[PDB]
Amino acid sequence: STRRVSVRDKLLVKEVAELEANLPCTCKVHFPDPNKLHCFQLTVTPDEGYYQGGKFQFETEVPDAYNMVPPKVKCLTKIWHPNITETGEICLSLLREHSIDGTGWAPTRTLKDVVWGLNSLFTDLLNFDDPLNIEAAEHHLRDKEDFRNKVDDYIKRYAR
């Protein structure tokens, strides 16, 4: 009938159920609609680095063809960051479709993987080499001290 459980949903019941128990301590998860398991928001509150203390909200939506294709993720907190743009698009390789760089998406990846990836964007996966926001990397390059001040100003305005 129209009462048969999809491929995406069967995966998501399991993946969402295990999600909160396996979050980084720095992360929290919210589902604005409990039926829409393909839809949630993530808050990352870093405990170290340049973005320590900021709160950074992410919206992720998992497409109908999920786990063959990665979840779509947007960042909602305006930020001065080399891998996250001011308008909120993200450079996380785990979210690409793996070509030569077999570091892209794979069916073996789960929602738990994505969250740990986003969380790292403020720590170990924060990189100014091959950034998405070239202006921010340039800024960090020319004047690290003023860069931090812009970051701090943005946190104070949009992420507090």
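For every residue, the number given is its place in the sequence shown, counted from 1.
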Revision key, fill the gap. Quick note on 94 to 102 and 121 to 129: per-entry mean CA temperature factor is higher in 94 to 102
**Study point:** Third of the chain, ranked by Cα B-factor, where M68 sits
**Key:** highest
Point to revise | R109 - Cα temperature factor, lowest/middle/highest third of chain | key: highest
Exercise for review: Grab the CA temperature factor for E48 from the record and place it in the lowest, middle or highest third of its chain.
Suggested key: lowest
Point to revise | Third of the chain's Cα B-factor distribution that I155 belongs to, per the entry | key: lowest
Review point. Going by what the PDB entry lists, where does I134 fall on CA B-factor within its chain: lowest, middle or highest third?
Key: middle
